[PDB]
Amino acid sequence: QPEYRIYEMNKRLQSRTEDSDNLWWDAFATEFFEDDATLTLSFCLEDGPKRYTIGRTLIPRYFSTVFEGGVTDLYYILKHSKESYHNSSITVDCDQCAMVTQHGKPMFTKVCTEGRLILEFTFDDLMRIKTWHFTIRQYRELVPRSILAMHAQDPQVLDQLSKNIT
């Protein structure tokens, strides 16, 4: 099933530590992407639709640089996807795809990048992704929000202030 393939992809990405070499991202791609795969991000903007497509060579470096900012976690949520055979492949067309990233210091902001992801799989034993096309339709940066009043009196926060003046 192509569905699982993402859950697999998702879970394989949770496997990434802060030491992961360029060889690991290569293995990642060789696991999930065809030797000919292409990944495109589409924005339908004012001046007209802008597309950025990258080749198999930079697909591993693309996922590698998604984590660069001290990011801790990247995963994808597919809601109400569509399966169908088209262009001699299995295709999943999900209108509600959430590309999620998790950040660290200082904001710990969670970024939800949503739109229409259109994935093309081969009908192999491997079932790797031939085409990744993501049409970014929304964008959110969620901020953790102070929950209690006495949190503003934390010595640790006041310590950070002192430390900057030093």
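All residue numbers refer to positions in the sequence shown, first residue = 1.
Peer 1: Between 62-70 and 131-139, which has the higher average C-alpha B-factor in the PDB entry?
Peer 2: If you average the C-alpha B-factors of 62-70 and of 131-139, the larger mean comes out for 62-70.
Peer 1: Tell me which stretch, 27-35 or 110-118, has the higher mean Cα B-factor listed in the entry.
Peer 2: According to the PDB entry, the answer is 27-35.
Peer 1: For the listed residues 100, 41, 54, 126, which one has the largest C-alpha B-factor as given in the deposited model?
Peer 2: Comparing C-alpha B-factors across 100, 41, 54, 126, the maximum falls on 126.
Peer 1: Split the chain's modelled residues into thirds by Cα B-factor; is residue 77 in the lowest, middle or highest one?
Peer 2: For residue 77, the deposited C-alpha B-factor lands in the lowest third.
Peer 1: When the deposited Cα B-factors of this chain's modelled residues are ordered and cut into thirds, is residue 11 in the lowest, the middle or the highest one?
Peer 2: Highest third of the chain for residue 11's C-alpha B-factor.
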